[PDB]
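Residue numbers (the entry's author numbering), protein chains in the order written: chain A, 1 to 303; chain A', 1 to 303; chain B, 401 to 407; chain B', 401 to 407. A prime marks a further copy of an entry chain. Take a look at the structure set out below.
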Amino acid sequence: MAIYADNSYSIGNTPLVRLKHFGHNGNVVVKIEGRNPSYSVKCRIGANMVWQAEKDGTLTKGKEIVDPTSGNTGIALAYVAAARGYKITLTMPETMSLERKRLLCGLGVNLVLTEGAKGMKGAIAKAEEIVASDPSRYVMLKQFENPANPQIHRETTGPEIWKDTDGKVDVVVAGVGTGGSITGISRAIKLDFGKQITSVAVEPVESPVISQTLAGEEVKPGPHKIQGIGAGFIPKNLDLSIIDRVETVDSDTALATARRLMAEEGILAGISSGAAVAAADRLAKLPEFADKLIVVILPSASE
Amino acid sequence: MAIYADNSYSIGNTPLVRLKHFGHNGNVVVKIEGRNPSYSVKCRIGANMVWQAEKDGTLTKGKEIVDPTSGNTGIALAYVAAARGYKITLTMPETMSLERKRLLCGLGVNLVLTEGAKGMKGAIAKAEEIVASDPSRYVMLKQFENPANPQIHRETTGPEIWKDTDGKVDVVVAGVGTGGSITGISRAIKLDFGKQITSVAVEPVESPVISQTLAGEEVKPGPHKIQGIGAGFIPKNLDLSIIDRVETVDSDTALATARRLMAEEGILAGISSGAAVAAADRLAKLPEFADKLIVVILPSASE
Amino acid sequence: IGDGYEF
Amino acid sequence: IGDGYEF
Numbered sequence: 001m002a003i004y005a006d007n008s009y010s011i012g013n014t015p016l017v018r019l020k021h022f023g024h025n026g027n028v029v030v031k032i033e034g035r036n037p038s039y040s041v042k043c044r045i046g047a048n049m050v051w052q053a054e055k056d057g058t059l060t061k062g063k064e065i066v067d068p069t070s071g072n073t074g075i076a077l078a079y080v081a082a083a084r085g086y087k088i089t090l091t092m093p094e095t096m097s098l099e100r101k102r103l104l105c106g107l108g109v110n111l112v113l114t115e116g117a118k119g120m121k122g123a124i125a126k127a128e129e130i131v132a133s134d135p136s137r138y139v140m141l142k143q144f145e146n147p148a149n150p151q152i153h154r155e156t157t158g159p160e161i162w163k164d165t166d167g168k169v170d171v172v173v174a175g176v177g178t179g180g181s182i183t184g185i186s187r188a189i190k191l192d193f194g195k196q197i198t199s200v201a202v203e204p205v206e207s208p209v210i211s212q213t214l215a216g217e218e219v220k221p222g223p224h225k226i227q228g229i230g231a232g233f234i235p236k237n238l239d240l241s242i243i244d245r246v247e248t249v250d251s252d253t254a255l256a257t258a259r260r261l262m263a264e265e266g267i268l269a270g271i272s273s274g275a276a277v278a279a280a281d282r283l284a285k286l287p288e289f290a291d292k293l294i295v296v297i298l299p300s301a302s303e
Numbered sequence: 001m002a003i004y005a006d007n008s009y010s011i012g013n014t015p016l017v018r019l020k021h022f023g024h025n026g027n028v029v030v031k032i033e034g035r036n037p038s039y040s041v042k043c044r045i046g047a048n049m050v051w052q053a054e055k056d057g058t059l060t061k062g063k064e065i066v067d068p069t070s071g072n073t074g075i076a077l078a079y080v081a082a083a084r085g086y087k088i089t090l091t092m093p094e095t096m097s098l099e100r101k102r103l104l105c106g107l108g109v110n111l112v113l114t115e116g117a118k119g120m121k122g123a124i125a126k127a128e129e130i131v132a133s134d135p136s137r138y139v140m141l142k143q144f145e146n147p148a149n150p151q152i153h154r155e156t157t158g159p160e161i162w163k164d165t166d167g168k169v170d171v172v173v174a175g176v177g178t179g180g181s182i183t184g185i186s187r188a189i190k191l192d193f194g195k196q197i198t199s200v201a202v203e204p205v206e207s208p209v210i211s212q213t214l215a216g217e218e219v220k221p222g223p224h225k226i227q228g229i230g231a232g233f234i235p236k237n238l239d240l241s242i243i244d245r246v247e248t249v250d251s252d253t254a255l256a257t258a259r260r261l262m263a264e265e266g267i268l269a270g271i272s273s274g275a276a277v278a279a280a281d282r283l284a285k286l287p288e289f290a291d292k293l294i295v296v297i298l299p300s301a302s303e
Numbered sequence: 401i402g403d404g405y406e407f
Numbered sequence: 401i402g403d404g405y406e407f
């Protein structure tokens, strides 16, 4: 009954684990998206974005994926492309780690390196150039705007949380990169299951564009070290309407929190998992949130 | 309903995925033990060996774990120790990777490095020395001989395979390190579920001590690069009685197979996963095994 | 993800 | 595992 046709379908069904050294009386519970193909939450959108492109006819036998991503999305797309038999090109700043390069090359990616100094702008520019050269050949999946992104979270991530909490979840805390996670989860719990939970978006204090935007202040992006969050803009896949609260976390707190997850909980999560937990811990220690079950997405693992 | 008290209980429920570019007509299916806390099958015995020691009173509040392991068992024990609040010392040859050291230190392990030249003998010697110094304080869990090792495989790994195949599994292919995996799985399927499957142990051609032993020839261990298998002896946790077949695989084939799993299947598995698949693929292409569902343990992930 | 911008 | 012996 339970044999996946390929590795793309093995996505999700990730565990909920209660934290002992965060929250209050066990009110903080984490969902470990590190327990996935390719070791992060992006496995879900890598899978669904391909599936959707196949269904709508935009991706066929023969055609090749092209995408600018310096992160988990690249790894996710590569694994799915490998599992389903697609050629894929990923553009990225030349400054990417040898580890990451080797892993992508190993997955069979055509890696196209761009000028480090030009950063992501460089990579996106080149990706668009490649597609321009033969639009009938190349397809750009577009994680920041593709509805298949939050759609998988609505169908899988959100329902898994509803299910495993017996509908008792009261707050969802997720870092925002594409926004797919918080948006999808939120729509599922609020609209599909009908529960008025608190949806808490998490972003770097160093680049707090969601907080600035909603406050009507000048939006001023900045650099930070919380890999996976803080795009420095509002992505189309963040539905602001479903966000109840926005919490900011600093890089150093985020880091130290991840180290504490490892040493005190035995949970191997990334820096952005640190950022999400720090934010949740802060809510968890407010009397308002004392009787509330807070669920925190940990987007990735640490190797 | 489904919130784990700590990360140790999140073990197992790993996916079965059918291979496209191995076997014949989809007869080769893999169980991805990389999808676990601490990224390998050893998470299961790390968990159970601690749980059992707690139940039988050998491990209590206060007492400290000491173990010689240069591999996934160390990582597994560290994560469980962290999750359940135990001090732990791991001895190991000084020649261990900085990556592995940093990860263990990060998990809060007291790392005791031994003379590289003396290898595992060195590490085991020191572990025993440490325990001698205060036997009421230190506990050695002993992966090679502890019944809690195959016991978890009998209760979880084997049943998961029975379950997900709808009892249709005909062959189980597993590399042998401690032997816990093949032994546990085999007892579960043959004795608990009553099915006379083919249990296939896999070992390096460079150190084929199980094949030599069973053939009555001189046992001659040797070095190899398939990390996780080829202990160079028969461990007490390998039950020879439940082994139907022993297949040998070479380091280079094992490596190339792992690279093929990544590039052609989009499955990120370790070298020992390569060894197991190569062996299974060989059985899968024999007419004898054409209508048989072959299940292959992939013990770990590749980072 | 990696560098939507910055990081 | 890592080096039961050798490896």
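From the three backbone atoms N, C-alpha and C, an ideal C-beta is built for every residue, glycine too.
Per DSSP, residue i is paired with what?
i, result
"A:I65", "A:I88, A:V139"
"A':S199", "A':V172"
"A':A269", "A':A301"
"A:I294", "A:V28, A:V171"
"A':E247", "A':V202"
"A':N110", "A':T89"
"A:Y4", "A':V17"
"A:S40", "A:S300"
Going along chain A in order, which residues have a C-beta closer than 7 Å to the C-beta of residue i?
i, result
"A':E33", "The premise fails here: A':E33 is roughly 12 Å from chain A at the closest Cβ pair, so nothing lies under 7 Å."
"A':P15", "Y4, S10"
What number of angstroms, rounded off, separates the C-alpha of residue i from the C-alpha of residue j?
i, j, result
"A':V112", "A:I161", "41 Å"
"A':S272", "A':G167", "26 Å"
"A:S40", "A:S133", "32 Å"
"A:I243", "A:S199", "5 Å"
"A':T91", "A':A78", "12 Å"
"A':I234", "A':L214", "11 Å"
"A':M96", "B':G402", "9 Å"
"A':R187", "A':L238", "11 Å"
"B':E406", "A':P299", "19 Å"
"A:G116", "A:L59", "30 Å"
"A':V205", "A':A256", "15 Å"
"A:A231", "A:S241", "19 Å"
"A:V209", "A':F22", "49 Å"
"A':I11", "A':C105", "22 Å"
"A':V277", "A:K118", "43 Å"
"A:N110", "A':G274", "24 Å"
"A:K101", "A:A5", "28 Å"
"A':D281", "A:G270", "36 Å"
"A:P221", "A:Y9", "36 Å"
Verify whether the separation of the beta carbon atoms of residue i and residue j is less than 7 Å.
i, j, result
"A:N13", "A:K42", "no"
"A':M262", "A:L98", "no"
"A':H153", "A':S181", "yes"
"A':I297", "A':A148", "no"
"A':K236", "A':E145", "yes"
"A':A127", "A':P93", "no"
"A:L293", "A:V169", "yes"
"A:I88", "A:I65", "yes"
"A:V17", "A':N36", "no"
"A:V29", "A':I3", "yes"
"A':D192", "A':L141", "no"
"A:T157", "A:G184", "yes"
"residue 304 of chain A", "A:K20", "This structure gives no information on residue 304 of chain A, because the portion of chain A shown stretches from 1 to 303."
Using a cut-off of 9 Å between C-beta atoms, extract the partners of residue i located in chain B.
i, result
"A:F233", "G404, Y405"
Quick one: does residue i have its CB under 7 Å from some CB of chain E?
i, result
"A:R100", "Reference to chain E is not applicable here, since the protein chains of this structure are A, A', B and B'."
Please compile the residues from chain B' whose C-beta is within a distance smaller than 8 Å of the C-beta of residue i.
i, result
"A':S207", "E406"
Whose Cβ in chain A lies nearer than 9 Å to the Cβ of residue i?
i, result
"A':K20", "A5, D6, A83, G85"
"A':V277", "What A':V277 touches in chain A: nothing, since even the nearest Cβ is about 14 Å away."
Given that residue i touches chain B', what residues does it touch there, using C-beta distances under 7 Å?
i, result
"A':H153", "Those within 7 Å of A':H153 in chain B' number zero; the least Cβ separation is about 15 Å."
"A':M120", "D403, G404, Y405"
Which residues in chain A' sit within 9 Å of residue i, going by Cβ to Cβ distance?
i, result
"A:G106", "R259, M262, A263, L268, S302"
"A:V80", "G266"
For residue i, return the contacting residues in chain A', with the cut-off set at a CB-CB distance below 8 Å.
i, result
"A:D164", "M1, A2, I3"
Give the interface partners of residue i over in chain A', defined as CB-CB distance under 7 Å, in chain order.
i, result
"A:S251", "What A:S251 touches in chain A': nothing, since even the nearest Cβ is about 18 Å away."
| query | Is the number of C-beta pairs between the stretch 273–289 of chain A' and the stretch 45–59 of chain A' that are closer than 8 Å three or more? | reply | The answer is no - the stretch 45–59 of chain A' does not touch the stretch 273–289 of chain A', with fewer than three Cβ pairs under 8 Å.
| Pairing CB atoms from the stretch 79–86 of chain A with CB atoms from the stretch 257–271 of chain A', are three or more of them under 8 Å? | Short answer: they touch.
| message | Using a Cβ distance threshold of 8 Å, determine whether the stretch 208–228 of chain A contacts the stretch 242–254 of chain A, with at least three qualifying pairs required. | response | yes
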